[PDB]
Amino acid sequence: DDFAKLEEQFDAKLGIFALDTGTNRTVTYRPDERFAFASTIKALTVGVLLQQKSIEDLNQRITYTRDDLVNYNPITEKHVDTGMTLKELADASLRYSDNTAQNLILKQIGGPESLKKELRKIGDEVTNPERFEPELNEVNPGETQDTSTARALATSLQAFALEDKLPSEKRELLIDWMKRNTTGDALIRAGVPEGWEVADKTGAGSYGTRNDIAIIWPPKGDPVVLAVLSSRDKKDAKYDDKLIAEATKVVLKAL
């Protein structure tokens, strides 16, 4: 009811799944309820890219045009003249939530259909990617296109970052990028004790959707996998980052 109380206080629906990999203790709340995944899908996209590309393959330069630019391209629109390596695009996508970077990377792996096939392969039968950015934001209550659950997103993130879906060196690249995320200071990072390391990917969308998925490392112990999702009832509703920070505090306490 600590989570229910937060739902009332922020007038939002909460989706939570946390797993302490050291003890298999979990914290759940509407863990299997669908939410549009928004930008969090960028983390899983790079995971699949790392699966199919050698580290040298990431130095390959990708060329695009102004015509390839979409709604939010903080880094990509600054290099349209020179193109960018896949390594640079993965960096932009994960640390700045660059939409064009996500689109170029998605094309590299075969598009949404291939992304979905690869996730189904690793055991994710829930995440349903269907579109590129920013069209994936066009989700209405009741539909499953471009949605997932807290359990599914957390489990797929764990698969790529902590399990054997990727070899050591590649897991480390993914974790390093996410640890250096620039957009999540007010979310999960704001709800963990000082000294805890966080690797996360945030997201936001229509219906006041505000998400954050992460791997958290206590100073002493095994990592904790956490997915905190949320949405509101109005398409144009505004979100409040504090809901995520507060929900995280409850999770840490519970753990």
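Counting begins at 1, following the sequence as shown.
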>> Which is higher on mean Cα B factor in this entry, 98 to 106 or 141 to 149?
In response: 141 to 149
>> Which is higher on mean Cα B factor in this entry, 189 to 197 or 208 to 216?
In response: 189 to 197
>> Take the CA temperature factors straight from the PDB entry and tell me which of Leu50, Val70, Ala38, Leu229 peaks.
In response: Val70
> In the PDB entry, which of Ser156, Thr76, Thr127, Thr82 has its C-alpha at the highest B-factor?
Replying inline: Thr82
>> How does the C-alpha B factor of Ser114 compare with the rest of the chain: lowest, middle or highest third?
In response: middle
> Compared with the other modelled residues in the chain, in which third is the CA B-factor of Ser93?
Replying inline: lowest
> In terms of the CA temperature factor given in the entry, to which third of its chain does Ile122 belong: lowest, middle or highest?
Replying inline: highest
>> Could you place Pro167 in the lowest, middle or highest third of its chain by Cα temperature factor, using the values in the record?
In response: highest
>> Split into thirds by Cα B-factor across the chain's modelled residues, where does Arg30 land: lowest, middle or highest?
In response: middle
